[PDB]
Amino acid sequence: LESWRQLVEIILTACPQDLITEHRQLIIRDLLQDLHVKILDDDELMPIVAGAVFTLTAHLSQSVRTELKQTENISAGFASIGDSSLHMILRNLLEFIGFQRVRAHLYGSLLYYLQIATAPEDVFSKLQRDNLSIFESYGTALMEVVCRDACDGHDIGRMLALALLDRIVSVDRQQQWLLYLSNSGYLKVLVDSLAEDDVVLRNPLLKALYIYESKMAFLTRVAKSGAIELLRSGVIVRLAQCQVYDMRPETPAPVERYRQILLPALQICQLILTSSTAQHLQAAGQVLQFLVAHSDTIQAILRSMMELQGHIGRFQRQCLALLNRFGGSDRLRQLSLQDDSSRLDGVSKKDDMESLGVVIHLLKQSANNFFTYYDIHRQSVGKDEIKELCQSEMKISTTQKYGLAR
(Lines give C-alpha, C1' and ligand atoms only; values in the text may rest on other atoms or scores of the structure.)
Protein backbone atom coordinates (compact mmCIF):
# COMPACT_ATOMS: atom_id res chain seq x y z
CA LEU A 1 0.00 0.00 0.00
CA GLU A 2 2.75 2.53 0.87
CA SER A 3 4.12 1.84 -2.62
CA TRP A 4 0.65 2.20 -4.32
CA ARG A 5 0.05 5.53 -2.58
CA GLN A 6 3.58 6.91 -3.15
CA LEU A 7 3.01 5.88 -6.77
CA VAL A 8 -0.22 7.97 -6.77
CA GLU A 9 1.66 10.93 -5.12
CA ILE A 10 4.40 10.86 -7.83
CA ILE A 11 1.75 10.19 -10.63
CA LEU A 12 -0.14 13.11 -9.18
CA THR A 13 2.84 15.45 -9.48
CA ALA A 14 3.32 14.47 -13.12
CA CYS A 15 -0.35 15.17 -13.79
CA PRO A 16 0.01 18.57 -12.13
CA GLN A 17 3.03 19.33 -14.31
CA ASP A 18 1.04 18.34 -17.39
CA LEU A 19 -1.77 20.65 -16.29
CA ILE A 20 0.70 23.49 -15.82
CA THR A 21 -7.14 22.15 -15.87
CA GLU A 22 -10.75 21.03 -15.54
CA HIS A 23 -9.73 17.40 -15.98
CA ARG A 24 -7.09 17.82 -13.28
CA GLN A 25 -9.70 19.34 -10.97
CA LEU A 26 -12.00 16.39 -11.64
CA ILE A 27 -9.16 14.00 -10.82
CA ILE A 28 -8.53 15.87 -7.58
CA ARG A 29 -12.22 15.61 -6.71
CA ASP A 30 -12.11 11.87 -7.39
CA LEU A 31 -9.08 11.56 -5.13
CA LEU A 32 -10.93 13.45 -2.40
CA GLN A 33 -13.92 11.14 -2.68
CA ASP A 34 -11.75 8.05 -2.26
CA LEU A 35 -9.63 9.81 0.36
CA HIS A 36 -12.53 11.28 2.32
CA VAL A 37 -14.24 7.95 2.91
CA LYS A 38 -11.03 6.33 4.13
CA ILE A 39 -10.08 9.15 6.50
CA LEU A 40 -13.51 9.31 8.13
CA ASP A 41 -13.65 5.53 8.50
CA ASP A 42 -10.28 5.16 10.24
CA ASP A 43 -7.52 6.93 12.17
CA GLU A 44 1.13 5.28 8.20
CA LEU A 45 -2.51 6.32 7.83
CA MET A 46 -1.74 9.75 9.27
CA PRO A 47 1.12 10.12 6.78
CA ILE A 48 -1.20 9.15 3.94
CA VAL A 49 -3.71 11.74 5.12
CA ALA A 50 -0.96 14.36 5.20
CA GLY A 51 0.03 13.42 1.67
CA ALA A 52 -3.57 13.75 0.54
CA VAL A 53 -3.75 17.18 2.16
CA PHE A 54 -0.57 18.20 0.35
CA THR A 55 -2.05 17.00 -2.93
CA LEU A 56 -5.18 19.04 -2.26
CA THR A 57 -3.05 22.10 -1.55
CA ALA A 58 -1.20 21.53 -4.82
CA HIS A 59 -4.50 21.28 -6.68
CA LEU A 60 -6.58 23.59 -4.50
CA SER A 61 -3.90 26.25 -4.88
CA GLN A 62 -3.99 25.81 -8.65
CA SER A 63 -7.77 26.19 -8.60
CA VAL A 64 -7.42 29.37 -6.56
CA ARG A 65 -4.90 30.70 -9.07
CA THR A 66 -7.30 29.91 -11.90
CA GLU A 67 -10.07 31.75 -10.06
CA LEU A 68 -7.78 34.75 -9.61
CA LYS A 69 -6.99 34.67 -13.33
CA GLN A 70 -10.70 34.58 -14.15
CA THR A 71 -17.25 28.95 -19.04
CA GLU A 72 -17.61 31.80 -16.50
CA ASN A 73 -21.02 30.86 -14.98
CA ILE A 74 -20.41 27.06 -14.98
CA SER A 75 -16.87 27.21 -13.47
CA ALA A 76 -18.13 29.15 -10.41
CA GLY A 77 -20.70 26.39 -9.64
CA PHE A 78 -17.98 23.75 -10.00
CA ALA A 79 -15.71 25.58 -7.54
CA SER A 80 -18.50 26.06 -4.92
CA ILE A 81 -19.40 22.33 -4.87
CA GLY A 82 -15.59 21.72 -4.59
CA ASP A 83 -15.36 23.97 -1.51
CA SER A 84 -18.50 22.27 -0.07
CA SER A 85 -16.71 18.89 -0.38
CA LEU A 86 -13.41 20.36 0.97
CA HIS A 87 -15.28 21.67 4.09
CA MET A 88 -16.67 18.18 4.85
CA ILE A 89 -13.14 16.86 4.22
CA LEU A 90 -11.87 19.42 6.84
CA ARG A 91 -14.53 18.29 9.33
CA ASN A 92 -13.63 14.55 9.05
CA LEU A 93 -9.90 15.30 9.35
CA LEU A 94 -10.60 17.20 12.62
CA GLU A 95 -12.76 14.35 14.05
CA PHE A 96 -10.17 11.72 12.98
CA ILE A 97 -7.32 13.70 14.62
CA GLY A 98 -1.25 12.96 11.91
CA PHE A 99 -1.95 16.05 13.99
CA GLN A 100 0.94 17.84 12.29
CA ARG A 101 -0.47 16.87 8.90
CA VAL A 102 -3.87 18.22 9.92
CA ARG A 103 -2.23 21.46 11.01
CA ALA A 104 -0.46 21.72 7.66
CA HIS A 105 -3.57 21.09 5.58
CA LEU A 106 -5.66 23.21 7.95
CA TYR A 107 -3.15 26.05 7.60
CA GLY A 108 -3.33 25.72 3.83
CA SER A 109 -7.12 25.88 4.00
CA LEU A 110 -6.90 29.01 6.14
CA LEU A 111 -4.57 30.56 3.58
CA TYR A 112 -7.03 29.69 0.81
CA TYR A 113 -9.84 31.29 2.80
CA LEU A 114 -7.74 34.42 3.22
CA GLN A 115 -7.09 34.49 -0.52
CA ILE A 116 -10.82 34.16 -1.15
CA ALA A 117 -11.52 37.04 1.22
CA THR A 118 -20.57 41.22 -5.73
CA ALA A 119 -21.73 37.60 -5.94
CA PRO A 120 -18.22 36.28 -5.37
CA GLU A 121 -17.90 38.46 -2.26
CA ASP A 122 -21.29 37.26 -1.02
CA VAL A 123 -20.22 33.67 -1.60
CA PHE A 124 -16.92 34.24 0.19
CA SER A 125 -18.71 35.86 3.13
CA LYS A 126 -21.22 33.03 3.20
CA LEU A 127 -18.36 30.53 3.20
CA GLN A 128 -16.74 32.37 6.08
CA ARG A 129 -19.98 32.22 8.05
CA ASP A 130 -20.24 28.54 7.17
CA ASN A 131 -16.62 27.93 8.08
CA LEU A 132 -17.23 29.44 11.51
CA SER A 133 -20.29 27.21 11.91
CA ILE A 134 -18.20 24.18 10.96
CA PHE A 135 -15.59 25.17 13.53
CA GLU A 136 -18.32 25.50 16.15
CA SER A 137 -19.49 21.99 15.32
CA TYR A 138 -15.91 20.96 16.13
CA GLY A 139 -16.05 22.73 19.50
CA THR A 140 -13.69 23.98 22.23
CA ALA A 141 -11.50 20.86 22.32
CA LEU A 142 -9.97 21.57 18.90
CA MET A 143 -8.54 24.95 19.96
CA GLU A 144 -6.65 23.64 22.99
CA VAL A 145 -5.05 20.93 20.88
CA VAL A 146 -4.12 23.51 18.26
CA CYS A 147 -2.52 25.63 20.97
CA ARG A 148 -0.50 22.71 22.37
CA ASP A 149 0.99 21.84 18.97
CA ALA A 150 2.30 25.40 18.52
CA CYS A 151 4.81 24.73 21.35
CA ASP A 152 5.88 21.12 20.81
CA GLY A 153 8.99 19.19 19.66
CA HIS A 154 7.73 18.66 16.09
CA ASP A 155 9.04 21.65 14.19
CA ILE A 156 6.81 21.24 11.09
CA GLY A 157 3.70 20.64 13.34
CA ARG A 158 4.13 23.86 15.31
CA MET A 159 4.72 25.96 12.13
CA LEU A 160 1.49 24.63 10.61
CA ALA A 161 -0.40 25.01 13.94
CA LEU A 162 0.57 28.72 14.30
CA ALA A 163 -0.12 29.37 10.59
CA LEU A 164 -3.57 27.76 11.03
CA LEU A 165 -4.39 30.05 14.01
CA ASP A 166 -3.83 33.24 11.80
CA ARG A 167 -6.51 31.96 9.47
CA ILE A 168 -9.04 31.07 12.22
CA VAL A 169 -8.88 34.69 13.57
CA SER A 170 -8.95 36.12 10.01
CA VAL A 171 -12.18 34.32 9.03
CA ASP A 172 -13.94 34.94 12.42
CA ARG A 173 -16.57 37.72 12.63
CA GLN A 174 -17.97 37.17 16.16
CA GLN A 175 -14.62 37.28 18.04
CA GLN A 176 -15.19 34.18 20.18
CA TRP A 177 -11.90 32.59 19.10
CA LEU A 178 -9.74 35.34 20.70
CA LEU A 179 -11.68 34.97 23.98
CA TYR A 180 -11.11 31.19 23.81
CA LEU A 181 -7.34 31.79 23.27
CA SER A 182 -7.13 34.08 26.34
CA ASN A 183 -9.09 31.49 28.41
CA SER A 184 -6.69 28.63 27.47
CA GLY A 185 -3.61 30.74 28.32
CA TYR A 186 -2.23 30.72 24.77
CA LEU A 187 -1.38 34.44 24.78
CA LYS A 188 0.82 34.00 27.85
CA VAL A 189 2.37 30.99 26.26
CA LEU A 190 2.67 33.09 23.17
CA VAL A 191 4.79 35.58 25.01
CA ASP A 192 7.45 33.02 25.02
CA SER A 193 5.90 31.84 21.67
CA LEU A 194 6.53 35.08 19.95
CA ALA A 195 9.93 34.52 21.43
CA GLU A 196 9.61 31.21 19.73
CA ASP A 197 8.53 32.57 16.41
CA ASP A 198 11.71 34.40 16.82
CA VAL A 199 13.53 31.14 17.55
CA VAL A 200 11.77 29.57 14.63
CA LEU A 201 13.16 32.01 12.36
CA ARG A 202 16.37 31.34 14.33
CA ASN A 203 16.66 27.68 13.71
CA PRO A 204 6.61 20.90 3.11
CA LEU A 205 9.39 23.48 3.49
CA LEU A 206 7.96 25.52 0.61
CA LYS A 207 4.51 25.38 2.20
CA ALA A 208 5.95 26.58 5.51
CA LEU A 209 7.70 29.46 3.73
CA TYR A 210 4.44 30.44 2.03
CA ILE A 211 2.66 30.37 5.38
CA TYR A 212 5.34 32.60 6.90
CA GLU A 213 4.96 35.03 3.99
CA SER A 214 1.19 35.11 4.53
CA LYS A 215 1.71 35.82 8.23
CA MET A 216 4.08 38.67 7.37
CA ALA A 217 1.50 40.10 4.97
CA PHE A 218 -1.15 39.92 7.69
CA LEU A 219 1.16 41.72 10.10
CA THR A 220 1.77 44.45 7.52
CA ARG A 221 -1.98 44.82 7.01
CA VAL A 222 -2.48 45.15 10.77
CA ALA A 223 0.23 47.81 10.92
CA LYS A 224 -1.46 49.72 8.10
CA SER A 225 -4.83 49.53 9.88
CA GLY A 226 -7.25 41.18 21.45
CA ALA A 227 -5.09 44.23 22.13
CA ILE A 228 -6.31 44.06 25.79
CA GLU A 229 -5.51 40.32 26.11
CA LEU A 230 -2.02 40.80 24.64
CA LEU A 231 -1.26 43.86 26.88
CA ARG A 232 -2.58 42.11 30.00
CA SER A 233 0.13 39.40 29.67
CA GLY A 234 3.01 41.89 29.30
CA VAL A 235 3.55 43.25 25.81
CA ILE A 236 6.46 45.32 27.13
CA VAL A 237 8.25 42.15 28.27
CA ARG A 238 7.64 40.61 24.87
CA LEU A 239 9.10 43.79 23.37
CA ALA A 240 12.25 43.54 25.50
CA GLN A 241 13.17 40.86 22.96
CA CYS A 242 13.14 43.44 20.17
CA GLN A 243 15.44 45.67 22.22
CA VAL A 244 17.78 42.73 22.77
CA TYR A 245 17.80 42.05 19.04
CA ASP A 246 18.63 45.70 18.38
CA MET A 247 21.49 45.49 20.87
CA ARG A 248 22.78 42.37 19.12
CA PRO A 249 22.62 44.20 15.79
CA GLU A 250 24.56 47.11 17.27
CA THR A 251 27.18 44.68 18.56
CA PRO A 252 26.34 42.58 9.90
CA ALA A 253 23.66 40.32 8.44
CA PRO A 254 22.67 39.15 11.92
CA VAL A 255 22.42 42.75 13.08
CA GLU A 256 20.24 43.55 10.08
CA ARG A 257 18.00 40.60 10.93
CA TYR A 258 17.73 41.84 14.51
CA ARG A 259 16.78 45.29 13.24
CA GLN A 260 14.12 43.74 11.02
CA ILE A 261 12.76 41.81 14.00
CA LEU A 262 12.63 45.02 16.02
CA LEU A 263 10.75 46.73 13.20
CA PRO A 264 8.28 43.84 13.12
CA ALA A 265 7.76 44.08 16.88
CA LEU A 266 7.31 47.86 16.79
CA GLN A 267 4.50 47.76 14.23
CA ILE A 268 2.64 45.24 16.37
CA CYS A 269 3.15 47.41 19.44
CA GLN A 270 1.78 50.41 17.56
CA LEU A 271 -1.25 48.40 16.46
CA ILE A 272 -1.85 47.38 20.07
CA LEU A 273 -1.58 50.99 21.25
CA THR A 274 -4.11 52.36 18.75
CA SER A 275 -6.85 49.76 19.48
CA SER A 276 -6.63 50.03 23.29
CA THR A 277 -6.87 53.91 23.51
CA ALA A 278 -10.71 54.11 23.40
CA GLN A 279 -11.21 52.18 26.68
CA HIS A 280 -7.60 52.24 27.98
CA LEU A 281 -6.23 55.76 27.25
CA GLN A 282 -3.34 55.18 29.72
CA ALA A 283 -1.76 52.86 27.11
CA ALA A 284 -0.57 56.17 25.60
CA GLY A 285 1.70 56.36 28.70
CA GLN A 286 3.08 53.01 27.55
CA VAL A 287 3.66 54.25 23.92
CA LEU A 288 5.54 57.25 25.32
CA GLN A 289 7.66 54.93 27.55
CA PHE A 290 10.43 52.39 26.69
CA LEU A 291 8.88 51.95 23.21
CA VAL A 292 11.29 54.33 21.48
CA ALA A 293 14.30 54.23 23.81
CA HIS A 294 16.03 53.23 20.56
CA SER A 295 18.54 55.06 18.33
CA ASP A 296 19.70 54.84 14.67
CA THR A 297 18.29 51.24 14.55
CA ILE A 298 14.75 52.68 14.74
CA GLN A 299 15.68 55.36 12.17
CA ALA A 300 16.86 52.76 9.63
CA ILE A 301 13.73 50.56 10.25
CA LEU A 302 11.34 53.56 9.96
CA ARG A 303 12.97 54.47 6.61
CA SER A 304 13.26 50.88 5.29
CA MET A 305 14.07 64.94 -0.30
CA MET A 306 12.39 67.42 2.11
CA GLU A 307 10.34 64.55 3.66
CA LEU A 308 13.55 62.48 4.11
CA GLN A 309 15.25 65.49 5.79
CA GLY A 310 12.22 65.88 8.14
CA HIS A 311 12.37 62.13 9.00
CA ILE A 312 16.14 62.47 9.67
CA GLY A 313 15.56 65.56 11.89
CA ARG A 314 12.86 63.69 13.90
CA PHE A 315 15.08 60.57 14.29
CA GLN A 316 17.71 62.94 15.80
CA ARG A 317 16.04 62.84 19.27
CA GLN A 318 12.60 64.33 20.29
CA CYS A 319 10.13 61.53 19.32
CA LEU A 320 9.63 58.71 16.75
CA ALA A 321 6.26 60.29 15.74
CA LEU A 322 7.57 62.20 12.64
CA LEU A 323 9.18 58.96 11.27
CA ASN A 324 5.81 57.08 10.98
CA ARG A 325 4.51 60.15 9.07
CA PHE A 326 7.45 59.86 6.60
CA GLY A 327 6.69 56.13 6.07
CA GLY A 328 3.00 56.98 5.43
CA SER A 329 4.05 59.67 2.89
CA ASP A 330 6.32 57.14 1.10
CA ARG A 331 3.42 54.61 0.98
CA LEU A 332 1.10 57.32 -0.47
CA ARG A 333 3.74 58.18 -3.13
CA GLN A 334 4.04 54.43 -3.97
CA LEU A 335 0.75 54.60 -6.00
CA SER A 336 2.62 52.49 -8.60
CA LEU A 337 1.70 49.62 -6.15
CA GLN A 338 -1.69 49.77 -7.95
CA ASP A 339 0.12 50.40 -11.29
CA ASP A 340 2.39 47.36 -10.64
CA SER A 341 -0.73 45.25 -9.88
CA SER A 342 -2.32 46.49 -13.16
CA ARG A 343 0.87 45.54 -15.10
CA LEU A 344 0.77 42.06 -13.47
CA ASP A 345 -2.93 41.75 -14.50
CA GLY A 346 -2.03 42.73 -18.12
CA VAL A 347 0.76 40.09 -18.14
CA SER A 348 -1.75 37.49 -16.81
CA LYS A 349 -4.24 38.47 -19.58
CA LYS A 350 -1.46 38.04 -22.21
CA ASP A 351 -0.64 34.59 -20.71
CA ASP A 352 -4.37 33.62 -20.88
CA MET A 353 -4.49 34.74 -24.56
CA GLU A 354 -1.36 32.62 -25.27
CA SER A 355 -4.68 46.67 -20.97
CA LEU A 356 -2.38 48.37 -18.52
CA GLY A 357 -3.62 51.83 -19.48
CA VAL A 358 -5.34 52.35 -16.12
CA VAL A 359 -2.15 51.27 -14.39
CA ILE A 360 0.25 53.69 -16.04
CA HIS A 361 -2.43 56.38 -15.71
CA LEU A 362 -2.57 55.67 -12.00
CA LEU A 363 1.20 55.74 -11.56
CA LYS A 364 1.69 58.96 -13.52
CA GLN A 365 -1.11 60.76 -11.69
CA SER A 366 0.29 59.63 -8.37
CA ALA A 367 3.70 60.82 -9.51
CA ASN A 368 2.44 64.33 -10.33
CA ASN A 369 0.64 64.70 -7.00
CA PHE A 370 3.57 63.14 -5.11
CA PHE A 371 6.18 65.56 -6.38
CA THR A 372 3.86 68.55 -5.90
CA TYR A 373 2.81 67.83 -2.32
CA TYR A 374 6.30 66.51 -1.58
CA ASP A 375 7.79 69.89 -2.44
CA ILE A 376 4.92 71.29 -0.37
CA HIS A 377 6.17 69.18 2.55
CA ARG A 378 9.63 70.53 1.70
CA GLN A 379 8.28 74.05 2.13
CA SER A 380 6.79 72.79 5.37
CA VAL A 381 10.26 71.57 6.34
CA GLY A 382 11.72 74.99 5.62
CA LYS A 383 9.50 76.64 8.27
CA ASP A 384 -0.72 68.30 17.80
CA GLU A 385 2.52 68.06 15.75
CA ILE A 386 1.84 64.34 15.06
CA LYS A 387 -1.71 65.21 13.87
CA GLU A 388 -0.28 67.94 11.59
CA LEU A 389 2.22 65.40 10.15
CA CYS A 390 -0.65 62.93 9.53
CA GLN A 391 -2.62 65.69 7.73
CA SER A 392 0.49 66.47 5.59
CA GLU A 393 0.80 62.73 4.73
CA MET A 394 -2.92 62.71 3.75
CA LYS A 395 -1.29 74.23 5.00
CA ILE A 396 0.52 77.41 5.97
CA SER A 397 -2.10 78.04 8.67
CA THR A 398 -1.52 74.65 10.26
CA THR A 399 2.18 75.28 9.60
CA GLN A 400 2.28 78.63 11.43
CA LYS A 401 0.32 77.16 14.34
CA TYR A 402 2.58 74.10 14.44
CA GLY A 403 5.65 76.34 14.17
CA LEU A 404 4.28 78.44 17.02
CA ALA A 405 3.55 75.24 18.95
CA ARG A 406 6.84 73.40 18.26
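Residues numbered from 1 in each chain as written, not as in the entry; some residues may be left out. Part of a larger assembly, values for the part shown. Heavy atoms only, no water. Residues with missing side-chain atoms left out of burial classes, pairs and counts.

Listed as the method for this PDB entry is cryo-EM; the listed resolution is 5.5 Å.

This part covers the overall build of the chain. A count of helices and strands for the chain gives 22 helices and zero strands. If you line up the chain on its principal axes, its C-alpha atoms span 80 × 50 × 40 Å. (Helix = DSSP H or I, 4+ residues; strand = E, 2+ residues; numbered from the N terminus.)

Remark: helix α5 (residues 99-116) packs on helix α8 (residues 155-171), axes separated minimally by 7 Å, with the N-to-C direction vectors making an angle of 35 degrees. Pair α5 / α8 crosses with left-handed handedness. Of α8, the residues touching α5 (which contributes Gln 100, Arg 103, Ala 104, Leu 106, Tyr 107, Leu 110 and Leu 111) are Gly 157, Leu 160, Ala 161, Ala 163, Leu 164 and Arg 167. For the contact of α5 with α8, the residue count by class is nine nonpolar, two polar and two charged. (Axes fitted to C-alpha atoms, helices over the stretch in contact; angles between N-to-C directions. Left-handed = near helix turned anticlockwise from the far one by under 90°. Contact = heavy atoms within 4.5 Å. Nonpolar A, V, L, I, M, F, W, Y, C, P; charged D, E, K, R; others polar.)

Another aspect to go through is unusual backbone geometry. The backbone phi angle of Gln 175 is positive, close to 75 degrees, even though this residue is not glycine. Assignment of secondary structure puts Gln 175 in the loop between α8 and α9 (176-183). The phi angle at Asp 296 is positive, at roughly 70 degrees, despite the residue not being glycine. Mapped onto the secondary structure, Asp 296 falls in the loop between α15 (283-288) and α16 (297-303).

With that settled, consider the packing of helix α13 (residues 235-250) against helix α14 (residues 253-276). At a minimum axis distance of 7 Å, the contact between α13 and α14 shows a crossing angle of 155 degrees. Classified by the angle their axes make, α13 and α14 are roughly antiparallel. For the element pair α13 and α14, the recorded crossing hand is left-handed. Note on element contacts: α14 touches α13 through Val 255, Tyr 258, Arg 259, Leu 262 and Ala 265, opposite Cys 242, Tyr 245, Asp 246 and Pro 249. (Parallel < 35°, antiparallel > 145°, perpendicular 65-115°, else oblique.)

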